[PDB]
$ cat upload.txt   # compact mmCIF, C-alpha atoms and all ligand atoms
# COMPACT_ATOMS: atom_id res chain seq x y z
CA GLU A 2 16.27 30.28 -21.57
CA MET A 3 16.01 29.75 -17.76
CA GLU A 4 19.65 30.69 -16.88
CA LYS A 5 18.77 34.28 -18.02
CA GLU A 6 15.28 34.09 -16.40
CA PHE A 7 17.17 32.87 -13.24
CA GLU A 8 19.45 35.97 -13.07
CA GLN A 9 16.37 38.17 -13.90
CA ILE A 10 14.23 36.83 -10.98
CA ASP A 11 17.35 36.68 -8.72
CA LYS A 12 18.65 40.25 -9.52
CA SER A 13 15.03 41.56 -9.12
CA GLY A 14 14.46 39.18 -6.08
CA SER A 15 11.00 38.21 -7.56
CA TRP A 16 11.07 34.54 -6.26
CA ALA A 17 8.20 35.02 -3.74
CA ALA A 18 6.17 36.62 -6.65
CA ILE A 19 6.84 33.83 -9.27
CA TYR A 20 6.00 31.37 -6.45
CA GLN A 21 2.65 33.13 -5.75
CA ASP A 22 1.66 33.08 -9.49
CA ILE A 23 2.23 29.28 -9.42
CA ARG A 24 0.10 28.88 -6.22
CA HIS A 25 -2.67 30.93 -7.98
CA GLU A 26 -2.43 29.02 -11.32
CA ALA A 27 -2.21 25.54 -9.56
CA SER A 28 -5.07 23.00 -10.17
CA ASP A 29 -7.57 22.08 -7.45
CA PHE A 30 -9.51 18.76 -7.59
CA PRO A 31 -11.64 16.79 -5.15
CA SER A 32 -9.95 14.79 -2.34
CA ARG A 33 -13.17 13.18 -0.99
CA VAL A 34 -11.65 9.80 -0.06
CA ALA A 35 -8.76 11.46 1.93
CA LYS A 36 -11.31 13.45 4.05
CA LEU A 37 -13.48 10.38 5.08
CA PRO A 38 -13.42 9.99 8.90
CA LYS A 39 -12.21 6.31 8.67
CA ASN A 40 -9.05 7.65 6.87
CA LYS A 41 -8.32 10.40 9.46
CA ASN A 42 -5.45 8.41 11.10
CA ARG A 43 -3.95 7.45 7.65
CA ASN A 44 -2.93 11.13 7.03
CA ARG A 45 0.06 12.93 8.67
CA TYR A 46 -1.06 16.54 7.78
CA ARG A 47 -4.83 17.32 7.45
CA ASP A 48 -4.05 19.97 4.71
CA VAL A 49 -1.92 17.51 2.51
CA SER A 50 -4.33 15.17 0.64
CA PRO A 51 -4.19 13.14 -2.57
CA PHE A 52 -6.71 14.11 -5.28
CA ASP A 53 -9.25 11.27 -5.84
CA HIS A 54 -8.36 11.16 -9.59
CA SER A 55 -4.60 10.34 -9.11
CA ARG A 56 -4.65 8.55 -5.67
CA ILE A 57 -2.96 5.10 -5.34
CA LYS A 58 -5.46 2.40 -4.30
CA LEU A 59 -4.34 -0.49 -2.04
CA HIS A 60 -5.70 -3.89 -3.29
CA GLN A 61 -7.25 -4.77 0.17
CA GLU A 62 -11.14 -4.93 0.14
CA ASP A 63 -11.40 -3.40 3.66
CA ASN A 64 -9.97 0.17 3.15
CA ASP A 65 -7.98 0.94 -0.06
CA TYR A 66 -6.70 4.35 1.16
CA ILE A 67 -3.07 5.53 1.34
CA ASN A 68 -1.81 9.14 1.14
CA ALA A 69 -0.06 8.54 -2.20
CA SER A 70 -0.41 10.09 -5.69
CA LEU A 71 0.69 8.79 -9.13
CA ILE A 72 2.41 11.62 -11.13
CA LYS A 73 2.40 10.66 -14.88
CA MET A 74 4.65 12.86 -17.09
CA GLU A 75 3.45 11.71 -20.56
CA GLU A 76 6.09 13.47 -22.73
CA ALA A 77 9.02 12.41 -20.43
CA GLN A 78 7.66 8.80 -20.17
CA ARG A 79 8.28 9.03 -16.39
CA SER A 80 5.91 8.10 -13.51
CA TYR A 81 6.47 8.75 -9.76
CA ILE A 82 4.45 7.81 -6.66
CA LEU A 83 4.70 10.67 -4.13
CA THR A 84 3.63 9.71 -0.59
CA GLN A 85 3.94 10.99 2.99
CA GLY A 86 6.53 9.57 5.37
CA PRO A 87 4.68 6.51 6.75
CA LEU A 88 2.99 6.65 10.19
CA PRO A 89 3.48 3.90 12.83
CA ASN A 90 0.09 2.51 11.72
CA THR A 91 0.70 2.79 7.89
CA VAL A 92 4.19 1.14 7.53
CA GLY A 93 2.39 -2.10 6.48
CA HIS A 94 0.29 -0.16 3.91
CA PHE A 95 3.44 1.55 2.56
CA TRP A 96 5.16 -1.79 1.82
CA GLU A 97 1.91 -3.22 0.36
CA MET A 98 1.78 -0.27 -2.10
CA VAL A 99 5.51 -0.89 -3.04
CA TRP A 100 4.62 -4.58 -3.65
CA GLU A 101 1.37 -3.92 -5.64
CA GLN A 102 2.92 -1.16 -7.85
CA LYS A 103 6.06 -3.30 -8.69
CA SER A 104 8.31 -0.38 -7.61
CA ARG A 105 12.10 -1.11 -7.65
CA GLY A 106 13.19 1.99 -5.66
CA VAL A 107 12.15 4.06 -2.61
CA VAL A 108 13.67 7.59 -2.45
CA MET A 109 13.71 9.19 1.04
CA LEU A 110 14.64 12.86 1.32
CA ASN A 111 14.24 13.43 5.13
CA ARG A 112 15.85 12.09 8.40
CA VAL A 113 13.52 10.15 10.77
CA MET A 114 13.99 13.04 13.27
CA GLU A 115 14.35 16.72 12.21
CA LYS A 116 13.97 19.85 14.42
CA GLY A 117 13.62 17.46 17.44
CA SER A 118 10.36 15.89 16.07
CA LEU A 119 9.66 12.58 14.26
CA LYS A 120 9.07 13.29 10.53
CA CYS A 121 8.61 9.58 9.73
CA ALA A 122 8.34 6.03 11.21
CA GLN A 123 11.44 3.74 11.04
CA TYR A 124 9.88 1.57 8.25
CA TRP A 125 13.07 -0.43 7.32
CA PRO A 126 15.30 -2.76 9.41
CA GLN A 127 18.53 -1.41 11.01
CA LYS A 128 20.41 -4.76 11.12
CA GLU A 129 20.64 -7.78 8.76
CA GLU A 130 19.61 -10.27 11.52
CA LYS A 131 16.56 -8.23 12.75
CA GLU A 132 13.94 -8.43 9.93
CA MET A 133 10.48 -6.69 10.15
CA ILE A 134 7.19 -8.59 9.65
CA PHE A 135 4.04 -6.53 8.83
CA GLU A 136 1.28 -8.77 10.18
CA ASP A 137 -1.56 -6.62 8.73
CA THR A 138 -0.20 -6.89 5.11
CA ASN A 139 1.64 -10.29 5.32
CA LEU A 140 5.04 -8.91 4.20
CA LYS A 141 8.54 -9.59 5.51
CA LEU A 142 11.34 -7.04 5.01
CA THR A 143 15.08 -7.83 5.45
CA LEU A 144 18.14 -5.55 5.25
CA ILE A 145 20.61 -7.32 2.80
CA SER A 146 23.29 -4.59 2.66
CA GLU A 147 23.83 -0.88 3.31
CA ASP A 148 26.38 1.44 1.69
CA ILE A 149 26.75 4.63 3.82
CA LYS A 150 28.37 7.61 1.99
CA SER A 151 28.91 11.28 2.96
CA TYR A 152 25.59 12.73 1.55
CA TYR A 153 23.38 9.57 1.16
CA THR A 154 22.91 5.87 2.03
CA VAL A 155 21.79 3.10 -0.39
CA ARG A 156 20.23 0.03 1.31
CA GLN A 157 19.55 -3.26 -0.60
CA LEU A 158 16.34 -4.81 0.95
CA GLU A 159 14.38 -8.04 0.27
CA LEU A 160 10.59 -7.74 0.32
CA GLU A 161 8.90 -11.16 0.72
CA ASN A 162 5.19 -11.81 0.13
CA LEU A 163 4.49 -14.30 2.97
CA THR A 164 1.21 -15.27 1.20
CA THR A 165 2.98 -16.44 -2.04
CA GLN A 166 6.65 -16.72 -0.91
CA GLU A 167 7.70 -14.41 -3.84
CA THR A 168 10.60 -12.07 -2.97
CA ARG A 169 11.79 -8.86 -4.67
CA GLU A 170 14.83 -6.70 -4.20
CA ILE A 171 14.01 -3.04 -3.34
CA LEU A 172 16.63 -0.25 -3.34
CA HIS A 173 16.26 2.43 -0.62
CA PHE A 174 18.00 5.71 -1.58
CA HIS A 175 18.21 7.93 1.51
CA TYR A 176 19.46 11.53 1.02
CA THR A 177 20.70 12.17 4.58
CA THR A 178 22.05 15.79 4.39
CA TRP A 179 19.10 18.03 3.43
CA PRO A 180 19.40 20.83 6.06
CA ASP A 181 16.68 21.17 8.82
CA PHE A 182 16.04 24.75 7.51
CA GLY A 183 16.02 25.98 3.88
CA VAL A 184 17.78 24.13 1.02
CA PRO A 185 21.36 22.92 0.27
CA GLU A 186 23.77 25.76 -0.77
CA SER A 187 25.02 23.77 -3.82
CA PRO A 188 22.86 21.27 -5.80
CA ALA A 189 25.98 19.11 -6.57
CA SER A 190 25.28 16.39 -3.93
CA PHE A 191 21.53 16.34 -4.83
CA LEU A 192 22.35 15.89 -8.60
CA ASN A 193 24.90 13.12 -7.78
CA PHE A 194 22.08 11.49 -5.73
CA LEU A 195 19.56 11.87 -8.58
CA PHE A 196 22.12 10.28 -11.05
CA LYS A 197 22.67 7.37 -8.62
CA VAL A 198 18.90 6.68 -8.55
CA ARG A 199 18.83 6.87 -12.38
CA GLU A 200 21.78 4.41 -12.80
CA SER A 201 20.05 1.89 -10.44
CA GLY A 202 17.30 1.50 -13.08
CA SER A 203 14.63 2.41 -10.43
CA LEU A 204 13.27 5.23 -12.72
CA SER A 205 13.09 2.92 -15.78
CA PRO A 206 9.84 1.85 -17.50
CA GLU A 207 10.81 -1.85 -17.02
CA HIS A 208 9.69 -1.22 -13.39
CA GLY A 209 6.76 0.15 -11.41
CA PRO A 210 7.04 3.85 -10.54
CA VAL A 211 9.61 4.87 -7.97
CA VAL A 212 8.14 5.74 -4.51
CA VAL A 213 9.40 9.20 -3.39
CA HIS A 214 8.74 10.72 0.08
CA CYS A 215 9.83 13.41 2.56
CA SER A 216 7.54 14.11 5.61
CA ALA A 217 4.51 15.44 3.57
CA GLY A 218 5.69 14.14 0.11
CA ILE A 219 5.33 17.61 -1.63
CA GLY A 220 8.39 19.79 -0.79
CA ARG A 221 11.71 17.96 -1.21
CA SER A 222 9.85 15.14 -3.11
CA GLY A 223 8.63 17.81 -5.56
CA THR A 224 12.20 19.10 -6.22
CA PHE A 225 13.38 15.51 -6.91
CA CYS A 226 10.69 14.77 -9.58
CA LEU A 227 10.75 18.27 -11.08
CA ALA A 228 14.56 18.12 -11.66
CA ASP A 229 14.43 14.52 -13.07
CA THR A 230 11.55 15.37 -15.49
CA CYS A 231 13.08 18.71 -16.64
CA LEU A 232 16.58 17.23 -17.34
CA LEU A 233 14.94 14.28 -19.24
CA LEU A 234 12.82 16.65 -21.44
CA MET A 235 16.01 18.61 -22.28
CA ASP A 236 17.47 15.34 -23.75
CA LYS A 237 14.27 14.46 -25.63
CA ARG A 238 13.51 17.85 -27.29
CA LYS A 239 14.92 19.25 -30.58
CA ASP A 240 15.23 22.57 -28.65
CA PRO A 241 16.35 22.01 -25.00
CA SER A 242 15.62 25.69 -24.02
CA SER A 243 11.88 25.12 -24.88
CA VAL A 244 11.60 23.49 -21.37
CA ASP A 245 9.66 25.82 -19.00
CA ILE A 246 10.16 24.63 -15.34
CA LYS A 247 6.99 26.63 -14.31
CA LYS A 248 4.93 24.79 -16.98
CA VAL A 249 6.40 21.44 -15.83
CA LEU A 250 5.61 22.18 -12.14
CA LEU A 251 2.01 23.16 -13.07
CA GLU A 252 1.56 19.82 -15.01
CA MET A 253 2.84 17.88 -11.92
CA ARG A 254 0.42 19.85 -9.62
CA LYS A 255 -2.57 18.41 -11.55
CA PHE A 256 -1.52 15.11 -9.85
CA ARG A 257 -0.67 16.19 -6.25
CA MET A 258 -1.16 19.54 -4.43
CA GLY A 259 1.69 21.69 -3.12
CA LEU A 260 4.74 20.21 -4.91
CA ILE A 261 7.53 22.76 -3.99
CA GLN A 262 6.47 24.26 -0.59
CA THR A 263 8.58 27.49 -0.66
CA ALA A 264 10.12 30.07 -3.05
CA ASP A 265 13.44 28.73 -1.66
CA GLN A 266 12.66 25.24 -3.01
CA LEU A 267 11.55 26.81 -6.36
CA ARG A 268 14.93 28.69 -6.69
CA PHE A 269 16.89 25.50 -5.76
CA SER A 270 14.98 23.52 -8.49
CA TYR A 271 16.00 26.11 -11.14
CA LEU A 272 19.64 25.91 -9.86
CA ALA A 273 19.57 22.06 -9.87
CA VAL A 274 18.23 21.88 -13.46
CA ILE A 275 20.59 24.65 -14.73
CA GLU A 276 23.56 22.81 -13.09
CA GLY A 277 21.98 19.57 -14.43
CA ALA A 278 21.73 20.96 -18.01
CA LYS A 279 25.43 22.00 -17.60
CA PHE A 280 26.80 18.59 -16.35
CA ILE A 281 25.13 16.96 -19.45
CA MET A 282 25.94 19.70 -22.08
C1 LIG A 301 23.77 -1.34 -1.18
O1 LIG A 301 24.00 -1.97 -2.41
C2 LIG A 301 24.02 -1.14 -3.55
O2 LIG A 301 24.56 -0.08 -3.53
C3 LIG A 301 23.35 -1.62 -4.84
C4 LIG A 301 22.83 -2.90 -4.93
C5 LIG A 301 22.24 -3.33 -6.11
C6 LIG A 301 22.17 -2.49 -7.21
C7 LIG A 301 22.68 -1.21 -7.12
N1 LIG A 301 22.61 -0.34 -8.27
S1 LIG A 301 23.49 1.11 -8.21
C8 LIG A 301 25.29 0.79 -8.08
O3 LIG A 301 23.24 1.97 -9.38
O4 LIG A 301 22.99 1.91 -7.07
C9 LIG A 301 23.28 -0.78 -5.93
$ encode --input "upload.txt" --output "structure tokens"
Amino acid sequence: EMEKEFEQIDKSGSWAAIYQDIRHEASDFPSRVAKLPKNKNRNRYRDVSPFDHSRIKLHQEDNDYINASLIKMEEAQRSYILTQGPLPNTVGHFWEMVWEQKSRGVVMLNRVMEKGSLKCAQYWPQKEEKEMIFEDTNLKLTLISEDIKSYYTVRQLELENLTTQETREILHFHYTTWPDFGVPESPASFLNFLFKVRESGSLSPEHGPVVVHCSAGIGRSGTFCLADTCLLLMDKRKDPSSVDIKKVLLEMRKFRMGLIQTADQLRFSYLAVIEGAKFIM
């Protein structure tokens, strides 16, 4: 059981060592399409690339590339699209992917500005009356409503296909309080946020996979998916303590490189799941 394994690693301070064994054991697959010169300006970090095998393809004939990965957790019956914070020139692509994958929810785990730099383009409207048109992808986006709370904001948006006049309602879940450095002291607000996404039905198989991002779509995004999948497997299994968070992380890393960027994020994920197990036990 992980609670005991938690104290063990913690008491021994072996987090950096566990973390290194995961780095070593992690899968490595081609990312040939990411590295093509015509895609250079579609990537935010040159060292954060989708594997070819699990990359999301845009349905435009021109260039089908977006820095986005489908993570399929077969046993948990859960899929996630992990992507980078959109660039000024990829906001249109981002909303096209959301449209084409029939996603209900977008989960955002960064602020637009952190440490005095831009981590992300402003890809959603700030006022009801000021909608955004994406000329390249023929999509209109409108803010319908916005519910600002202490730790997070939920924003009801209408995505309209200008080509076909279909509209869909998208939910934007924005965790607004992840600190600039390290990880939250308590996982309580993060778990509350995860349960709010769950309740929305955005994680449900009725819908396309949820789109999850931070700046790179591997660190905070990783923690989100890892916690969701682990808690869900603990419901599904005859023996809940058979769930190995290191095994689960390694399965997710077959789909996108670098999920969980630091030993700090690894520790926080353990804490979140343990506290998660507790809330629902
Ligand atoms: C901003 O409006 C909302 O909060 C909203 C709108 C529509 C649906 C939901 N589902 S929920 C209460 O689980 O998050 C929320």
$ atom_distance --input "upload.txt" --atom1 "CA of residue 135 (chain A)" --atom2 "CA of residue 85 (chain A)"
18.5 Å
$ closest_residue --input "upload.txt" --among "A:55, A:165, A:28, A:111" --to "residue 178 (chain A)" --atoms "all atoms listed in the file"
A:111
$ atom_distance --input "upload.txt" --atom1 "CA of residue 266 (chain A)" --atom2 "CA of residue 223 (chain A)"
8.8 Å
$ residues_near_ligand --input "upload.txt" --ligand "ligand LIG 301 (chain A)" --cutoff "8 Å" --atoms "all atoms listed in the file" --output "VMD selection string"
chain A and resid 145 to 148 154 to 157 172 197 to 202
$ atom_distance --input "upload.txt" --atom1 "CA of residue 206 (chain A)" --atom2 "CA of residue 61 (chain A)"
25.5 Å
$ closest_residue --input "upload.txt" --among "A:256, A:196, A:191, A:280" --to "residue 32 (chain A)" --atoms "all atoms listed in the file"
A:256
$ residues_near_point --input "upload.txt" --point "(4.3, 8.1, -9.3)" --cutoff "9 Å" --atoms "only C-alpha atoms" --output "PyMOL selection string"
chain A and resi 57+69-73+79-84+209-213
$ closest_residue --input "upload.txt" --among "A:227, A:235, A:142, A:217" --to "residue 267 (chain A)" --atoms "all atoms listed in the file"
A:227
$ closest_atom_pairs --input "upload.txt" --of "region 101-197 of chain A" --to "region 37-49 of chain A" --cutoff "12 Å" --atoms "all atoms listed in the file" --output "tab-separated table"
residue	atom	partner	partner_atom	distance
A:119	CA	A:45	CA	11.1
A:120	CA	A:45	CA	9.2
A:121	CA	A:45	CA	9.2
A:122	CA	A:45	CA	11.1
$ residues_around --input "upload.txt" --residues "region 94-97 of chain A" --least-positions-apart "5" --cutoff "10 Å" --atoms "all atoms listed in the file" --output "list in words"
residues 43, 59, 60, 61, 65, 66, 67, 68, 69, 84, 85, 86, 87, 88, 102, 103, 124, 125, 135, 137, 138, 139, 140, 141, 142, 160, 162 and 212 of chain A
$ residues_around --input "upload.txt" --residues "residue 17 (chain A)" --least-positions-apart "6" --cutoff "9 Å" --atoms "only C-alpha atoms" --output "list in words"
residues 263, 264 and 265 of chain A
$ write_last_selection --input "upload.txt" --atoms "C-alpha atoms" --output "compact mmCIF listing (two decimals), in the coordinates of the input"
# COMPACT_ATOMS: atom_id res chain seq x y z
CA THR A 263 8.58 27.49 -0.66
CA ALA A 264 10.12 30.07 -3.05
CA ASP A 265 13.44 28.73 -1.66
$ closest_residue --input "upload.txt" --among "A:275, A:233, A:226, A:176" --to "residue 253 (chain A)" --atoms "all atoms listed in the file"
A:226
$ build_atoms --input "upload.txt" --residues "region 48-60 of chain A" --atoms "N, CA, C and O atoms" --output "CSV table (one decimal), keeping the file's coordinate frame"
chain,number,residue,atom,x,y,z
A,48,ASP,N,-4.1,19.1,5.9
A,48,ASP,CA,-4.0,20.0,4.7
A,48,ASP,C,-3.2,19.4,3.5
A,48,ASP,O,-3.2,20.1,2.5
A,49,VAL,N,-2.7,18.2,3.6
A,49,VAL,CA,-1.9,17.5,2.5
A,49,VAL,C,-2.6,16.2,2.1
A,49,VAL,O,-2.4,15.2,2.7
A,50,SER,N,-3.5,16.3,1.0
A,50,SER,CA,-4.3,15.2,0.6
A,50,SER,C,-4.1,14.8,-0.8
A,50,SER,O,-3.8,15.7,-1.6
A,51,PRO,N,-4.2,13.5,-1.2
A,51,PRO,CA,-4.2,13.1,-2.6
A,51,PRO,C,-5.5,13.5,-3.2
A,51,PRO,O,-6.6,13.2,-2.6
A,52,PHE,N,-5.5,14.0,-4.4
A,52,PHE,CA,-6.7,14.1,-5.3
A,52,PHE,C,-7.3,12.7,-5.5
A,52,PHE,O,-6.5,11.7,-5.6
A,53,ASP,N,-8.6,12.6,-5.5
A,53,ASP,CA,-9.2,11.3,-5.8
A,53,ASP,C,-8.8,10.8,-7.2
A,53,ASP,O,-8.6,9.5,-7.4
A,54,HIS,N,-8.6,11.6,-8.2
A,54,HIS,CA,-8.4,11.2,-9.6
A,54,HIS,C,-7.0,10.4,-9.7
A,54,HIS,O,-6.9,9.6,-10.5
A,55,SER,N,-6.0,10.8,-8.9
A,55,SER,CA,-4.6,10.3,-9.1
A,55,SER,C,-4.1,9.6,-7.9
A,55,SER,O,-2.9,9.2,-7.8
A,56,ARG,N,-5.0,9.2,-6.9
A,56,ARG,CA,-4.6,8.6,-5.7
A,56,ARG,C,-4.3,7.1,-6.0
A,56,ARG,O,-4.8,6.6,-6.9
A,57,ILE,N,-3.3,6.5,-5.3
A,57,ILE,CA,-3.0,5.1,-5.3
A,57,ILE,C,-4.0,4.3,-4.5
A,57,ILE,O,-4.2,4.7,-3.3
A,58,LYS,N,-4.6,3.3,-5.1
A,58,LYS,CA,-5.5,2.4,-4.3
A,58,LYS,C,-4.7,1.2,-3.8
A,58,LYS,O,-4.1,0.5,-4.7
A,59,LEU,N,-4.8,0.8,-2.6
A,59,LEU,CA,-4.3,-0.5,-2.0
A,59,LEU,C,-5.3,-1.5,-2.5
A,59,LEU,O,-6.5,-1.3,-2.5
A,60,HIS,N,-4.9,-2.7,-2.9
A,60,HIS,CA,-5.7,-3.9,-3.3
A,60,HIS,C,-6.1,-4.7,-2.1
A,60,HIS,O,-6.0,-5.9,-2.1
